[PDB]
Each structure stands twice: as structure tokens, then as C-alpha cells.
Amino acid sequence: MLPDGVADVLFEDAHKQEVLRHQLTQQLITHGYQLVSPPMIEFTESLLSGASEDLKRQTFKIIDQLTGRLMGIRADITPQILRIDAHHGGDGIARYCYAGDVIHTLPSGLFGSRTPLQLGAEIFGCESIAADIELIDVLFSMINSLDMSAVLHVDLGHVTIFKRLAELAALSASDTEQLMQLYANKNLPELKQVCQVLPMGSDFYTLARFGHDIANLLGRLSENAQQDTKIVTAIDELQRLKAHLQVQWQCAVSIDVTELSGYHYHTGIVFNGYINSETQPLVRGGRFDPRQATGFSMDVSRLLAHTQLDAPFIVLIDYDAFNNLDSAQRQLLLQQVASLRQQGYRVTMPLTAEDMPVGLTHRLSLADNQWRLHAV
Amino acid sequence: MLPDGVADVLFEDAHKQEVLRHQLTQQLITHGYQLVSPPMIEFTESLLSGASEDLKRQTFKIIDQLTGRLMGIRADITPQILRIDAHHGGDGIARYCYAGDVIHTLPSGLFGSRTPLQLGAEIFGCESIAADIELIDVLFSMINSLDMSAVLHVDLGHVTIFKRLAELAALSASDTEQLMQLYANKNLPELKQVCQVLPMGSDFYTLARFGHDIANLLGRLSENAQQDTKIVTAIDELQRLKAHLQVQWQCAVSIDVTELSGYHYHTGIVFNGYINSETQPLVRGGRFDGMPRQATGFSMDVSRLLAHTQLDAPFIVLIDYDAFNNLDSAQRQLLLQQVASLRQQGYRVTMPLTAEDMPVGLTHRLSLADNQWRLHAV
Amino acid sequence: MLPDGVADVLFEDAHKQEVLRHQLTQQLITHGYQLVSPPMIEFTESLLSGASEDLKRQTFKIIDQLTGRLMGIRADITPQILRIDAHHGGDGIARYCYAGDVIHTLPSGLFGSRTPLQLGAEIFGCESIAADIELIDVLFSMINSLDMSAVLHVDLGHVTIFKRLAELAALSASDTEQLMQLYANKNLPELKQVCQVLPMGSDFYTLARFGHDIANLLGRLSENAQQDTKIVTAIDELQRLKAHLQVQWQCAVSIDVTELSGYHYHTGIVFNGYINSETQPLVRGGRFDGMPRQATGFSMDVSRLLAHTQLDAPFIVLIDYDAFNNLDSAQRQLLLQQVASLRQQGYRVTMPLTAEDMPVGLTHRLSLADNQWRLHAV
Amino acid sequence: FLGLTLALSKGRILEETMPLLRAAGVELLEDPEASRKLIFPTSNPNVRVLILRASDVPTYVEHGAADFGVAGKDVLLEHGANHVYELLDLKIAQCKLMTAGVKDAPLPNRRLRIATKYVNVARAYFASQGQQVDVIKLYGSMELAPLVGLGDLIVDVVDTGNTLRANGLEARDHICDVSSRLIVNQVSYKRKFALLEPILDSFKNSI
Amino acid sequence: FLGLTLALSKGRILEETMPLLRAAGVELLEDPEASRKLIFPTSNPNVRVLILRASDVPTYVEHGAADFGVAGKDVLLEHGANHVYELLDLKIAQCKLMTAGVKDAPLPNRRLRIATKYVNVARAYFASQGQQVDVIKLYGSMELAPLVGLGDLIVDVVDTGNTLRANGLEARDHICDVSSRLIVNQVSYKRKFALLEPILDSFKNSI
Ligand SMILES: N=c1c2ncn([C@@H]3O[C@H](COP(=O)(O)OP(=O)(O)OP(=O)(O)O)[C@@H](O)[C@H]3O)c2ncn1[C@@H]1O[C@H](COP(=O)(O)O)[C@@H](O)[C@H]1O
Ligand SMILES: N=c1c2ncn([C@@H]3O[C@H](COP(=O)(O)OP(=O)(O)OP(=O)(O)O)[C@@H](O)[C@H]3O)c2ncn1[C@@H]1O[C@H](COP(=O)(O)O)[C@@H](O)[C@H]1O
Ligand SMILES: [Cl-]
Ligand SMILES: [Cl-]
Ligand SMILES: [Cl-]
Ligand SMILES: [Cl-]
Ligand SMILES: [Mg+2]
Ligand SMILES: [Mg+2]
């Protein structure tokens, strides 16, 4: 019995996982993303530098017996990318990708995994919406290569709209924290109540009530909010990405400007990609942190239920016939077997007359001095 | 600053590591090994079931916040293979492979890694030396695919020879522990001294003095030892694997029957593959208990292959920013079709965001000259 | 445009070639071979004394303007070694090595070189298989020093087996020439046909069909052949060298007793060393006539090693023109002392003539920073 | 492509080869004339086929672009089959290489001018007869050359002799017998013998 | 340098080693004290000598900067001789590792504070006696520590016991016997056994 949220990935699923990890990584590399493979463990000083409290609680701690210092098993690779970019990246544009195991102390959603295989891509050093647009095109090129029947639905948000309203309204921390709870739960009635006594309250109500209708959202806001340069641009970025997703990718987009998960680290646009009607996003992405950064990541293991490989060719050599061979005949047979394996056939040399591979599709059999493949 | 024995693997090395991990795994699959990918963490009840004390000390502990029970970060994947084989493997022959990260509390060797990328293969349910021979064929097929100039030297041992002598001679634990220390340190003079007063002492001297000459080892042992079925077979297995390695695989083999590392877990033949003159084995393998269920297997740290392998230099391409933006829509779609084809072939092509956007290690520009997009070296 | 099979060797390849030529020659000298350096040209009387027709056609002719006599540009150094051994070698054992350019009128293989850098070693005055064994040890010591990832495969033959069968069977010249063509082309069916009507025909069939299995070859031959002392010894020599190659040198060996290239000049055992899957042997060797004086030897084209070997990347250093000219005399002498020391270590240091003087492949500048000359990577 | 590549001669040879292939594992899915395709799959997935000019087969095999091939002995002698193994006489597409001149015309009192495709064979043959010849290279319609004075004799492949007789020519000397042969690349023979042996044995059994 | 590099301990050990060397092929040309030289040639041209701190010998051997060396068993136990072969007990520079406190002074009713160079040995010894100790690391003059209150006991090498008695201390527990040992680098043992065996056999014969 494994711990809750911890599962083996076995056999054909393991092969599929390895194929997905490799093919997605290679695609990223061909789009000019530099692969990096940081370690599972670091000192907490680097691993949790500027981390949120959720990330800290999500990170297992262990003690280094060589120094007596605290280390952590990573719950997120993104902070390691920042460390790497700071040392190696320079001032210009730098692109990175990665794929590695991460460990969580608690599952993120209901019945979630605590050991995802985290794969992702990140662009540093570009302020333009063009960097976000490029990331979308890479993501959707990757998704379309998987030939899934499952549909991805995208929810866009933008944390700057709420952050600017909170500045202009001069909200206290407890008022900010209450609205975030009400937004998280879309408690519209109680949000209506609280907003009647808050400064610029009707703006905070409008986000929740009408934030879905992004074309008209600016015109529903107060004159102070409509005069704020950062709100107008954030709303404009949402409209630009929505349009790009619909037109270039035939992608259903919803907008939610009250999506404020990772209030700590997100600095702008945010992206949540849902797979069919599954509760937790398959893809999470957005702007984050003077050096610009944007990126996404996903759990490769969640793609397993939505992808299929071609059926494998699983071959068994006849035990009796192989042992009847002279040395020269065996070397010719092994040459033939090496060539079959080079082509991706899975060929078992039997140890005994009962040795049978799981999922046998073919036998390699001798008929009149010729080894031929026959289906079972 | 990372902790000692912990390093980033970056850029071309990361790409090389990913290629090695993938290609070696695929090879294992084509030899009929079923890939498994167990988790990094488990309850200690399963992860350290029948573990040695070294494995226990090598395993980081953490607490499960959902149950309050103890877990570990794996230091070794092999015990997870046993768990999997017990549930799924049945009574017949079962073959497994794996490649995953493991964490160690302390390094094994001087400046060794505490985070190896552990890759391996295991056969359960076959008592015959033929299963060990098959593992050698898989290993060497993998090693030869790497096209290294570095030479692999193999040292074979067999812990049963010493274990049976210790039984027949009826050695106490302290006598067993002293001989193991003397063997570990090659202290031949002091071994000669201690063996003059021990029962079957000359046999324990003979292992150390003449164990390298495996063809003649049985004939140097005492009549009681030569009549023991398990000693005769163990020596026979050593000769079989030595021959197979030299003849089939052009491999230099040494024999050391006093090699008693992992006295606890090895149950028979043992294999240590060394790369050039590096102290810690690249490959460790041998017979162990699959439980009565036979097991044999090897593993290695894929990250130690990085220094001894080379990929072809990458093609790193930048599309001209200015020329691309001068194009009409139909011209852009033709260019992107061309780019897709280059990427399918493994070219690394950057679509520039700005006029300054330059990839690291640029080898080529894709440039427009008289209505034609060609690759030009920089 | 150079002639076909004629190429410049430039820059890092030229440096590599010079290192290979020097290091392989020095190794040969340390194994006790006396270096000789005969001339490119000789009178044909000496250069083609006892030459095959292939060697004669391979040799360019020129006229000596001092005597009006014919000379040749050497296509092979071995006949010059014989001339030298006849004058200086005496009756005992003599060992020689060499490395020199030779010119061929036509290439041997498809797109082959007509100007190989021929390096080799030869032992005169020893009939024993021990002389051939020593040559193998020298060769493989040389090959292993090159640290190649490319694998050398060795094919052994022995022309005496076929020559003795042809004597005992009393074959005519046209029968001998037909079998050699059928052997050369592996035409087993037509060989089977011709051998049904020839005397001792089944022996000539057995060579082609079963000659690869050298352990059992004597026992497949006819009673007349098994009673021939020269066939029994030739087969024995093949088994000895095969074993030595596998065990001492981890070398894959095949046997082909129908390998009858150089029927004219080979007198016994023959050796062909192949590199990966390249058609023409990298190394050719075997027994020949040293005249009664025994001779054995091998040679190879050093230029064919260039594609399979690597040197460490060079350090190419430029001294800063401006900073150097700012120095007083004592400062210049200190800098030149430093430069002399760097050059002693193999750094390639350019003293610039002008502010634009830049060496090809610049890796480092030697620059002045606060009264200190340090190397900085570019 | 990891299987065998088989180089076949386009014209007269291809017709008599097809039966030998079908008896082995190999037979073409399409037809060479109807399709404008260079590389042809077969019934055997391990065998690929190239339909080439008869003159190009030895080149493709020798450089390893094909692993083995069927080629006329006239082409092999003219080409110089130095870097290939001539494994089997297939005994198909049989003919003779001959000399031919104008019917009853006298040999002139000079170096004979030979018009031929087979320039190395011509030179070699006339050298073995101790005759010095001026060779003229042609690629087609050898029959024509003596009729407009381009040479005194020709060298060409002759089967029935009807093409010679229909143009007022007669055969003079027999040079050698010709048939299609099975050739194999030196390297392929070592590396892909397992794939080759069953095909080689079936061709051997088919005659 | 292709020969053997020999790591020798500087002080007390060096005096009793010199006779063992001379019986083998090896003897120093200069003297260690008079010369300010780090690397010393010997009578044998294949052997080189390094005169090192006793504490540094195991480090040099384990990393392969020396091929073999002479080192105190007290130093090896404290260092952890994990990556070297302890080939011979030379039976020279003999002494004991012991505990020592003030003469007739009572043990306090608390965790014992141990002042020592040998912190791993101290911890290990007191752990084997089921005692928990607070260890204080020192590099010299262990005798002083108990006299000014720095610890309750010390751990140090004792031969005659005169240094302890001259400072008002007495020995308490015997931890283990100590002598200089011959250590060899794992890799050197395989690669340079031909050079080593005659020296190893002469050391063996010298006792
Ligand atoms: N009879 C043959 C003939 N027989 C066998 N072969 C083989 O077929 C190969 C040439 O094949 P092709 O048919 O493609 O060549 P081609 O017909 O000479 O020239 P193409 O116009 O096809 O290019 C030669 O290499 C021979 O090995 C023959 N090739 C050509 N011929 C010609 O066919 C005609 C028939 O000759 P008679 O039967 O004597 O009238 C004459 O023109 C002959 O030269
Ligand atoms: N008696 C010894 C002694 N005997 C053998 N050895 C060995 O010599 C090695 C240390 O050599 P050194 O002489 O260089 O070390 P040191 O004298 O402790 O310190 P230094 O000032 O030399 O650095 C140890 O590792 C032992 O293996 C000894 N090392 C030190 N001593 C000291 O010598 C003094 C004599 O002790 P009593 O004879 O008991 O009075 C006491 O201070 C002892 O601690
Ligand atoms: Cl490992
Ligand atoms: Cl040469
Ligand atoms: Cl006619
Ligand atoms: Cl005392
Ligand atoms: Mg293991
Ligand atoms: Mg020669």
C-alpha cells in the first residue's frame, strides 16, 4: 500500500509516460528552449527564496548531515529556473524548458497526485505580449501533437486588475484577504454585502459579477478605474490573447479576473488549461517576476489517460528451435534479432520452454532454414 | 551554492542526459524488459522491508501529514521492483527495467553524487546462470551503443564460496568479521597468520592468494570444500560468465572471490563494471533474494556516462527578424512549413520576438536571399 | 584542383598527423624496432627486385638524368627494408620500423588515397609464431594508445593451407586460378560443382564452407591433408594467434583460410585489421620472404587514423599589441620569459606585428591588468 | 532503411528476374513501367527494390547504395567488378558478346577502328588477339556505325543474330558468353548475411 | 612522475620508518629538517617521498596524490580509512589511545565534556560505553584542557604516561593499541603492483 496521492506508473503506461516526456521535451528543444535539469534537492535558502507560504508548506524538509543545514525536496521547478537564469541568462531573452519529478506534502486538489512529473517552458527578458503569444503557440503545438480526443478549455485571468483596484481603493490586508476568499468561492450575495461598505466597492462586485464579459468590462468600471493606465492595458491583453486563442487555435476561452491563486508570484496575465471537465487545471501558466518572465507547466502523468500509442510488437523466439542451432546459426539469428530490436520490436530470448512475455503478439519460428514472424 | 554531491545538469549536458535516459530505456524495452516507474516516496514499511543498515542510513525520512506515518525518499529502486514483482509478477519468469532519480544522505565515493539517475534491469524467477548471461548481453549491447573510447573493466565475484567455507569451517561471527576486514584490505600476511589457527584455514588463505586464477581454484581447495556442491557450482558459474564476457563481448575480466561488499543482500554471483581508472563502479550487479524467488539484476548512474559520451553538435538556427516581418501571409505560411520540417529533423529553430532575440550557441541563420530561404553558417 | 586520391592535410589535421606520426614511431622504437628512413626514389633494380606485377604497375617511373637509368617513386617501403636488412641485418634477429610517404599510380579502394603516409614494423630472422605474436602486441599497444571509440576487427588467414592442398592435389594453374576466383567471390554453389570433379575436391570445398571454424578445421580435412606437416602447423598458428588476440587484447577475430590476396608475396599467416565497416583494411600484415631468411611485418596509412582520433583543443594566445609596446625593456624581458614558458608547455603564442595581427582560432588573449599579465578567454 | 536494398536492371533482364524473386520471398506490388516511382516496396517488408539502368547496377552495389543486385555479365566485365562479390550465375538473359562487321567486307590494311559501348572489353579482347585497335565510344545503335563508316567492326551483345543480319552485318569472333549475375556489396555480405542467406538459397534452388 | 609516491608522517613516526625503508630499496638523499623541500628523491629512482603532517597522510593517499604511505592507526581511525587499503601493521611508533582526567578528581554528575583531537574516536568510544558526551575539538596540548576547566576528560595518545603524570593527570580507560600502518591507494594497488610488491615484501621481512 502506497501513501495517498502516490501511485506506481507501470508497464505500458510507463512506456507511454517515457514517450510523452521525451517527445514533449524534444519539441520544446526544437522551438529553441534550452533544456535544464536541476536537482531534486537544494538548501532551502535557494529553493524557497521568495516562496509563498503555500509553497513552503508544500515542500518536504530534510537535514544535510554534512553541514547540519536544512534542505528541501522540490515541490516546484520554476524557482530553480530563476536561479539558473540569474547565473547564466544575461540581460537579453532566454528560453528554458524542463521535465522532472516534484514532491508535494499534501495533494493540490481533491484526489490529486503528490508526485507529479512536472514539464514546462519559460521565457525571460521580454515584456511584450508576443512572448505570451509564443508560449501559447508552443503549448498548443505540443497538445495537438498528442492526438487527443479530449478537449482543452482555457480560462484567462489577470491579477493586475484586482491589484490596481486594491491600490486605488486603499484596501487593508484583511479586506484584501476577505475579498479573495469570497472571489475564490464566488460568494456573490456576501460579496454584494461587503462591497456596500468598502471604498470603490461596486468595482470589486463588478469583477466577480461581470468579469466574464471582457469586451464590456472597462465600461462597467468606475471613472477612477477607467482612468488607470494599468487596468486598461490588462483588460486589453486579455482581449488580445482571447482573440489569438479563438482564431489561431479554435480554442474555447473563458475569462475570470477574480482568479487570484498565486497572488504572491503572478504579476499579470494568468492561464489555466482544463482537460474535459476535470477540476484541477492540466496546464497552469502566466507572467511572474527587474526581469520579465512568463511560462507554463503541466503534470505529464495526467496525459496518460488521454493518449494512446500504437500497439507494441511483442515477440518470443522458439526455445526448442533456438537450442537446436549450431554456433554460426545462433550468431545469424542474433544478428536478425538485433535488427528487429533496432526497428522497435520487443524480442525475448527465452530462458526456458515456459518463458513467455506479457502481451505476446508474435512468435519468431524456424521453418526450412528461415526465421519468420507469425502472429499468435 | 548547492549541497555537496548535488549539481545542476545544464544545457547540452541536460540534452545528452535526456537522450541517454531515453535511448537506454528503449533498448531495455526491446530486450523484453517491462518498464516500471515507481514513486520517489513510500512508507518505510515497504521501502525498507528487509533493507541493510547501510540502505536505512542512506534513506532520508519524512513524515506523511495525512496519516502521521514515516516515509522515505528512495535511495534505491530495487526494493520497489520486489514490491511490484510480488503483486504483478506471478511464479514464472518476469523481467523489469527502470530509470529514476534516487537520493542518498551521504555520497558513496570521494566527491560522489547524492542524486544519481539510477537506471537498471532485473530478472526474477530463473535460477540458471543463463539469466545472468542474458543480463550481461543486455548491459553490453547498451554499453556498445554509447560508442565510448573509455574502456569498461569487469570484476566478477561470488559470495557463496566464502559463505559455504564459513559454514563448513563453523566460523564464529567475530572470525567471519575479521576475515572480511582482512580480505577488504588485502592484508595477506596477517591473513596468513590468522588462518594457521582457524579450522579449514588454508582454504580462507587460498581464496585471497589464488582466487584470481579461477580455472585452478577448485583444485587448490581442501577435499571437504571440493565435495561441497555449492562451492563447485559457484566456481563453475564464475568460469561460465568469464568465458562469455571475453568471447562474446571482448571484455577484460578479473575474478575476486574475496569481494564481499553487500554480504547482506548478495546471494551468489556479483558483477562490478569499472570505467577507466575511476574508483567507484559504474555498474553494480548480481544475484539477490527476490522474496523462495530468484532474482538477478544490475544498475548504474546514467549521469556518470555524461563525461564519456558525445552527441553530434546541434544545429541552432535563428530566423531573420526583419525579413520575416516583410513577408505577406502566404510567404509566412511557406516559411513556417519549412521551419516545421527543420524541427522534425531535430534543428533547433528560434522564431525571434525582437531584432535582438539571439539563441545561445547560434550556428546558423535562416535568411532570405532572392525569394529563397536558405541556411547560412555564422 | 588536386588529382583524385590526393588531398592537402591542413591545420589541426596536419598537427594531429604530425603528433600521430611522431608518437607511433617513438612507441615502435621503445619496443626495440630500429627506425630507418629510406629515400622516396631508387633505381628500379633494387626498388622492384622480386616485386609482384601489381607493385610494378603501382610504381611511378622516372629517368635518372645523371646515368640515364630508370628509377621509381616508391609505392611500398617493405622492399627497401629488405635491401637494408641484407646489408646491415646479419643472420640473427633484426627489427625495423619506418614511417614515410609512398605514391601509388592508382588508388586501391573507391576514393582511396594515392599518397598514404605508410607506417610499419618488421621482424627478420625468426621462424617462430612468437615473432608474429610480438608484432600483434606492438600493433595493439599502438592502437590502444590512440584512445579511439572506433572498433578494430581482425581477420586472420594463412595462405599455406591452400598452397599445400594445391600441391598434394596436383592442381594445374588454371584450376588454381579458378578456385581463387571462386574463393574471392564466395561462389559456394559453383565451387561445390567444380570440386566434385577435382582431386581432393572436398578439401577445397571444406576450406570455403568450414574454414571459419578453425578449432575443428583439421578434423574436417582428408587423411592425406591431416598427415601433411605444413597444414597441421598452419592451422595451429591460426589457433595460437586467435587465442592471443581474444585473451590478451579483447579483439574480435574472424578466420578466413580462403583469403588469398597477395598469393605472390605472402608465405604464411596473414592479418587484416578493419576499422568499423570501412572496406579497405587499416592494417595489412603477415609472413613474407626476407631474402633463406624469415620475415614478418605489418603496415598502415597513418592518414586514415585522422578521422578516428582526437587531440585536446589547442590554446591559441595573442599578446596585446598596444600593452606590449607600452612596456619598458625590463617589462618586455619579463613578458618574453613568461611567453617562453607558455610555449614550452605547448601554448601557441603569437607576438603581434600590428594591431590587426590575429591568429586563426584565437582562444585567449594575454592582457595586462594592474601590472599583471594574465590569460583571459575570448 | 534497415532491410536489404535490391538493385534490378530495367529492360531485358527484369523480365526473366521476376520468376526468381517470386520463388524467394520477394515480389513487386506495383509495376515498373506504369509507375513513375524510383523505390519499390515488395511482399517481403525487409526487401526494397530499385529499378535502374543495367549499366548503373554495379555502381549502386559497389558503393553500398544497394546491398545486392542483378546485373549482366557484359556490364560487369566492362565496369570492372573489383569491389563486389559475384555470388551466383543466375543463367538468365543469356547472350554472347561478339565482334561484327559488314557482310563479306574485307578488313582494311590499318589499325581496326572499333565502335562499341564495351570499350574496356573490346580493348581487352583485341589485346588478347595481339591486335592494336582504335576504340570509339558509343551508347546506342551499334549496328549503324559500320554502315556510315564510323568504324570497321563493332562489339555488341548478340542473341539470335537477327539485328545484325537485318542491317547487313555478320558476326565475326566470339568474345564470351553472357548471363545475368547476382552481385553483393562486400560490407552487406558480412553485416546482413542473415537477411541474405534465405534469398540466396532460393535463387540457387530456382536453377 | 611515473614511479611511486610515498607519503611519510613528519615527526615521531619518521624516525622509526627510516630503517624499514633502507632495508627495502629506499633511502632519502637529503634530510627532512635541514632542507625546506617538499618532494624528496630517494636511492630508488622509481620512488619519490613526501614528508607530511601525520594527519594529512591518509588524505594524500586516498585522493591518489600519494600511491602509498605510513600513517598512525590513531590518525586512520579518526580520519575513517574508507577509501584505502590497510595492507600491513608495521609495529612501529607504538602507543595507546586512552582517556585521562585530573588525578583522583571525581566525575561530575552531568554529560562528560571531552577535550580531544580525536573527536570521532572519542564519540565512538564513549558511545560503545553507552555514555553521552559533549566533545570539544582541540589541535594541541591536550594535557592543559582539564587543568583550566575546558573539559572533564581528554582523549590522547599515551606511551609512557609521563606527560600525563607531569601535568597532574592520570589515565582512566584504555581505548585501543596504536601503531603506524602501511596504507595504499585502491587504484595504485591495481595499476602499480609490480613496483609495490618488492617494497611490500621487504617491509614484511623487516618484522
Ligand atoms: N539480345 C540482347 C540481349 N540479350 C540479353 N541481354 C542483356 O540485357 C542487358 C541490356 O538490357 P536492355 O534491354 O535494357 O539494353 P538494350 O536493349 O541494349 O538498350 P536499351 O535501349 O534498352 O537501353 C545486357 O546487359 C545483356 O546482359 C541483351 N541485351 C541487349 N540485346 C540486344 O537485343 C537485340 C536482339 O538481338 P538478336 O537476338 O541478336 O537480334 C540486339 O540489339 C541485342 O544487342
Ligand atoms: N607518545 C606519543 C606517540 N607515540 C607514538 N606516536 C605516533 O606519532 C604520531 C604523531 O606524531 P607527532 O610526533 O608529529 O605528533 P605530536 O608530537 O602529537 O604533535 P606535534 O607537535 O609533533 O605536531 C601519532 O599519530 C602516533 O601514531 C605518538 N604521538 C604523540 N605522542 C605524544 O608524545 C608524548 C609522550 O608521551 P608519554 O610517553 O606518555 O609521556 C605525549 O605528549 C604523547 O601524546
Ligand atoms: Cl546508482
Ligand atoms: Cl599504406
Ligand atoms: Cl551472322
Ligand atoms: Cl597514569
Ligand atoms: Mg539496486
Ligand atoms: Mg608493405
Side-chain angles (χ1 to χ4, degrees), chain B residues 110 185, chain E residues 4-21 24 26-28 30-40 42 47-100 114-125 135-145 154-164 175-185 188 199 203 206-207:
Chain B
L110 297 173
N185 289 291
Chain E
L4 297 168
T5 297
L6 176 54
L8 299 177
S9 307
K10 284 241 284 170
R12 191 142 298 178
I13 296 171
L14 184 51
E15 299 201 65
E16 300 191 49
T17 313
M18 290 272 282
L20 288 176
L21 297 173
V26 194
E27 56 182 328
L28 289 296
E30 315 175 19
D31 213 61
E33 290 87 330
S35 312
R36 310 215 296 171
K37 196 177 196 185
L38 295 157
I39 316 183
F40 291 84
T42 66
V47 180
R48 193 167 71 169
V49 168
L50 307 174
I51 304 297
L52 303 175
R53 231 92 146 179
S55 309
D56 290 335
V57 174
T59 300
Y60 273 77
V61 175
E62 84 182 325
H63 293 270
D67 295 290
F68 71 143
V70 179
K73 181 58 173 182
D74 59 316
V75 180
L76 294 173
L77 288 165
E78 182 55 31
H79 183 274
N82 308 73
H83 316 84
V84 298
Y85 296 151
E86 195 180 309
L87 274 176
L88 274 190
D89 194 339
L90 301 181
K91 292 280 169 53
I92 64 172
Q94 305 208 69
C95 51
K96 297 170 305 310
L97 275 164
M98 310 197 81
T99 60
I114 307 300
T116 186
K117 177 196 300 194
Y118 308 94
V119 306
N120 298 329
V121 173
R123 183 165 290 110
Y125 170 72
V135 186
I136 305 182
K137 176 64 178 191
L138 290 176
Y139 304 85
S141 298
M142 237 68 73
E143 52 264 50
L144 179 51
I154 57 154
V155 171
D156 198 23
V157 298
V158 178
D159 176 35
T160 67
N162 289 343
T163 314
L164 296 180
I175 296 169
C176 68
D177 294 325
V178 174
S179 55
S180 298
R181 313 301 168 96
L182 183 51
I183 52 162
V184 186
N185 173 267
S188 295
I199 296 159
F203 290 162
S206 301
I207 36 158

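A note on names: the letters A, B, ... follow the listed sequences, proteins ahead of strands, and every chain is numbered from 1.
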- Task: Using a 4.5 Å cut-off on heavy atoms from C-beta on, say whether the side chain of E:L21 contacts that of E:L28.
- Result: yes
- Compare all side-chain heavy atoms of E:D74 with those of E:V121 and state whether any distance is below 4.5 angstrom. no
- Message: Please evaluate residues E:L77 and E:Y118 with respect to the criterion side-chain contact (heavy atoms from CB on, under 4.5 Å), reporting the C-alpha separation (whole Å), side-chain torsions for both, the decisive distance (0.1 Å), and the verdict.
- Response: CA-CA 9 Å; E:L77 288 165; E:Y118 308 94; over 6 Å; no
State the [atom1]-[atom2] distance between [X] and [Y], to the nearest 0.5 angstrom.
X      : Y      : atom1 : atom2 : answer
E:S179 : E:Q94  : OG    : CD    : 5.5 Å
E:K91  : E:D177 : NZ    : CG    : 9.5 Å
E:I183 : E:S188 : CD1   : OG    : 11.0 Å
E:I92  : E:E15  : CD1   : CD    : 11.0 Å
E:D67  : E:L6   : CG    : CG    : 9.0 Å
E:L52  : E:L8   : CG    : CG    : 8.0 Å

At their closest point, which heavy atom of [X] faces which heavy atom of [Y], and how far apart are they?
X      : Y      : result
E:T42  : E:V47  : OG1-O, 2.8 Å
E:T116 : E:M142 : CA-SD, 3.7 Å
E:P32  : E:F40  : CA-CZ, 3.9 Å
E:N185 : E:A66  : CB-O, 4.1 Å
E:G72  : E:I13  : N-CD1, 3.7 Å
E:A54  : E:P58  : O-CD, 3.7 Å

- Query: Under the side-chain contact (heavy atoms from CB on, under 4.5 Å) criterion, do E:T99 and E:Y125 qualify, and how do the steps go?
  - Reply: CA-CA 10 Å; E:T99 60; E:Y125 170 72; 4.1 Å; yes
Flag yes if more than 12 heavy atoms outside [X] fall under 6.0 Å of its [atom1] atom; otherwise flag no.
X      : atom1 : value
E:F203 : CZ    : yes
E:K96  : NZ    : yes
E:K137 : NZ    : yes

Hey, does the side chain of [X] reach the backbone of [Y] with a donor-acceptor pair shorter than 3.5 angstrom?
X      : Y      : result
E:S9   : E:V70  : yes
E:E16  : E:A93  : yes
E:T160 : E:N162 : yes

- Message: My understanding is that only residues two or more places apart in sequence, or in another chain, count here; which of them pass side-chain hydrogen bond (donor to acceptor under 3.5 Å, both in side chains) with E:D156?
- Response: none
- Message: I'd like to check the side-chain hydrogen bond (donor to acceptor under 3.5 Å, both in side chains) partners of E:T5; sequence neighbours left out, ordered by chain and number.
- Response: E:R48
- Thinking salt bridges, do E:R181 and E:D89 make one under a 4.0 Å N-O criterion? yes
- Could you check E:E78 against E:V75 for side-chain contact (heavy atoms from CB on, under 4.5 Å), going step by step and ending with a plain yes or no? CA-CA 5 Å; E:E78 182 55 31; E:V75 180; 5.9 Å; no
- Message: According to ring-ring contact (aromatic ring centres under 6.0 Å, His included), who are the partners of E:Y85, at least two apart in sequence or on a separate chain?
- Response: E:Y189
